[PDB]
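Please note: Cβ atoms are built from the backbone with ideal geometry, for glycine as well, and neighbour counts cover all protein chains shown. Nothing in this text is a laboratory measurement; each read-out follows from the coordinates by a stated rule.
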Amino acid sequence: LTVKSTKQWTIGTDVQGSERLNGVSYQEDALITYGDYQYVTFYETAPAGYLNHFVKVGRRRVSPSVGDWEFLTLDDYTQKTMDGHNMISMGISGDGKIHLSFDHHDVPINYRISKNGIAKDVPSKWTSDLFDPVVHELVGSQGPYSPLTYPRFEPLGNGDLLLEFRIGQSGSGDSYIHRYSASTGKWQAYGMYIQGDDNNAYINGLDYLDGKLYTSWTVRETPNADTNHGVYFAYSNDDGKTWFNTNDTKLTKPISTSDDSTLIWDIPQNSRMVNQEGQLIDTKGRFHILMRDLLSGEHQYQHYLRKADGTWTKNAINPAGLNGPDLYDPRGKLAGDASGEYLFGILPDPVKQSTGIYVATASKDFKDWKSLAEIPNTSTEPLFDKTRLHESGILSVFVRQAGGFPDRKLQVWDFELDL
Ligand SMILES: *[C@@H]1O[C@H](CO)[C@@H](O[C@@H]2O[C@H](CO)[C@@H](O[C@@H]3O[C@H](CO[C@H]4O[C@H](CO[C@H]5O[C@H](CO)[C@@H](O)[C@H](O)[C@@H]5O)[C@@H](O)[C@H](O[C@H]5O[C@H](CO)[C@@H](O)[C@H](O)[C@@H]5O)[C@@H]4O)[C@@H](O)[C@H](O[C@H]4O[C@H](CO)[C@@H](O)[C@H](O)[C@@H]4O)[C@@H]3O)[C@H](O)[C@H]2NC(C)=O)[C@H](O)[C@H]1NC(C)=O
Ligand SMILES: C[C@@H]1O[C@@H](O)[C@H](O)[C@H](O)[C@H]1O
Ligand SMILES: [Ca+2]
Ligand code: NA
């Protein structure tokens, strides 16, 4: 496997602040291909300057040929909270509508949707008028909408879109799912699907394949990040209403963080494992988790694998040259190709201030981690475009550079693979 070509584009100047607001691990998602176009969302500084930001949405044609980016600026909502939780997630439903939810740390939902199905019936003009106003509810559904953190979207097989988030706080919170119908344009409440018990679950993402929805998490006792413990897993066969553990045992609704039956690896507190890192269902139905810990005596990224025979394995990701991360260092992701043979670790290196692209193969039990490429000059939790990789064999990664404001840019990097 080789990188046929490497290309990059600078899409904006990052915003100034001691917190990172662009390029955050739990953006789900930041960079999305739908049809012949790729979309990206990020904050850029408003004319009022420091601590005033607008959400931007970029689009570019990627098929049959790659076109230039164009951007719209949502200049009717000013982000002002210098808090790294307050990121943007985007989703695109099967009616072609683009959804955005953003700017939360334990506050009411902020959500907006495009007026029309702009990703399906593609308009000539890319302007802010394409979007409806910010609202603080989900039409057709019901609260609670506050105190909300961590909006995550997941597109389903019938064109519908899940929106998932935590209601509560670090160390005492629960998570909820809502479902947007592409046929009616209405949201519906699926209710609380995971319930804390003087703690909160921190999921790594949502993954969906062939009618099944997969998630993994750690449990946090207090606002101190050293109090994460456990690696847990569950899946649903009905888009988040009913859940099962790794042994196919049906779980209570909601899943309780006190239910040990979803635990797949014992990791104590003070292991230097961080919440909300990465996960992946590969196209062959193998489930993967990316975390980190100090338990070997060295800080190392860790790969958890749910094998076909039901067994789980854990193996350090330690290819030559990769510096292992401690608790507060930037978090990585796992990507997979259409065939399911290639597993990509998109791993920020805290020493090099760059993002490494490493590859392992299913034929070698994913133990053959090899350096494949690098994105230089990043201070980012890298995020990729699942659909572009599956459809075109191009690994496309959104990054925040390292360096100082206003030199520090936002970029998209495309690694064309010889798949
Ligand atoms: C339902 O699903 C669950 C989840 O998959 C399943 O439970 C697993 O069952 C398998 C098979 O019986 C267990 O696998 C064995 O594990 C042996 C060691 O287990 C200990 O270590 C686990 C790993 O953590 C270690 O390392 C970390 C650092 O990464 C460290 O923090 C830990 O402390 C520990 O050192 C650990 O998760 C596990 O904890 C469970 O069990 C204890 C009690 O023992 C409990 O207190 C915990 O709360 C938790 O439930 C435990 O501490 C391992 O030696 C053994 O290896 C042999 O077999 C393999 C075969 O592949 C050989 O390769 C190998 O050489 C040995 O011969 C084997 O891998 C696994 O531990 C269970 N996992 C959990 C989370 O419980 C249930 O069985 C399923 N139930 C049904 C009905 O289907
Ligand atoms: C460790 C800490 O945990 C949560 O508060 C968020 O994920 C935050 O981004 C991370 O820095
Ligand atoms: Ca996802
Ligand atoms: Na608590």
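Things worth noting here:
- Enumeration of residues in segment 325-348 that are small (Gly, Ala, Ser) and either within 12 Å of ligand 1 (Cβ to nearest atom) or farther than 13 Å from residue 368 by Cβ (or both): 332, 335, 336, 338, 339, 340
- Scanning segment 142-173 for residues that are within 16 Å of ligand 2 (Cβ to nearest atom) and of a type in the set (D, E, K, R) returns 152, 164, 166.
- Candidates 95, 76, 83: the one that is farther than 18 Å from residue 12 by Cβ and touching an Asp or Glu at 6+ places or on another chain (Cβ under 9 Å) is 83.
- Sub-6 Å Cβ pairs linking a first residue in segment 188-212 that is farther than 19 Å from residue 28 by Cα and of a type in the set (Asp, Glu) to a second residue that is assigned to a loop (DSSP other than H, G, I, E, B) and away from ligand 3 (no atom under 16 Å from the Cβ), at least 6 apart or interchain, are 197/257; 197/258, ordered by first then second residue.
- Positions within segment 2-35 being loosely packed, with under 15 Cβ neighbours inside 10 Å, more than 20 Å from the chain's Cα centre (by Cα) and in a loop (DSSP other than H, G, I, E, B), in sequence order: 2, 18
- Residues in segment 215-259 that are among the polar types (S, T, N, Q), within 16 Å of ligand 4 (Cβ to nearest atom) and either in a strand (DSSP E or B) or surrounded by fewer than 21 Cβ atoms within 10 Å (Cβ to Cβ) (or both): 218, 222, 224, 227, 228, 256, 258.
- Test: residue in segment 124-140 that is closer than 23 Å to residue 263 by Cβ, more than 16 Å from ligand 1 (Cβ to nearest atom) and not aliphatic (A, V, I, L, M): no
- Test: residue 345 is part of a strand (DSSP E or B), on the phi < 0 side of the Ramachandran plot and among the small types (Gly, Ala, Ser): yes
- Residues that are closer than 24 Å to residue 351 by Cβ and either polar (S, T, N, Q) or outside any loop (DSSP other than H, G, I, E, B) (or both) were ranked within segment 276-288; the one that is farthest from ligand 1 (Cβ to nearest atom) is 276.
- One residue from 305, 322 being within 16 Å of ligand 1 (Cβ to nearest atom) and either outside any strand (DSSP E or B) or under 22 Å from the mean Cα position of the chain (by Cα) (or both): 305
- Selection status of residue 384, at positive phi and surrounded by 18 or more Cβ atoms within 10 Å (Cβ to Cβ): no
- Residue check, residue 71 within 16 Å of residue 12 (Cβ to Cβ) and surrounded by 23 or more Cβ atoms within 10 Å (Cβ to Cβ): no
- Looking at 380, 361, just one residue is β-branched (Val, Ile, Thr) and away from ligand 2 (no atom under 16 Å from the Cβ), and that residue is 361.
- Test for residue 358: is it more than 16 Å from ligand 4 (Cβ to nearest atom), aromatic (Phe, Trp, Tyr), under 19 Å from the mean Cα position of the chain (by Cα) and assigned to a strand (DSSP E or B): yes
- Of the numbered criteria (1) closer than 22 Å to residue 111 by Cα; (2) small (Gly, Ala, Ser); (3) within 16 Å of ligand 4 (Cβ to nearest atom), the one residue 172 fails is (1).
- Of residues in segment 78-119 being buried (at least 17 other Cβ atoms within 10 Å of the Cβ) and among the hydroxyl-bearing types (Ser, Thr, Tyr), the one farthest from ligand 2 (Cβ to nearest atom): 114
- Sole exception among (1) away from ligand 3 (no atom under 16 Å from the Cβ); (2) over 26 Å from residue 95 (Cα atoms) for residue 216, by number: (1)
- Residue that is surrounded by the fewest Cβ atoms within 10 Å (Cβ to Cβ), among those in segment 366-378 that are in contact (Cβ under 8 Å) with a residue 40 or more places away in the chain and farther than 19 Å from residue 7 by Cα: 367
- Some residue of segment 296-303 being surrounded by fewer than 14 Cβ atoms within 10 Å (Cβ to Cβ), more than 15 Å from residue 216 (Cβ to Cβ) and small (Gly, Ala, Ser): yes
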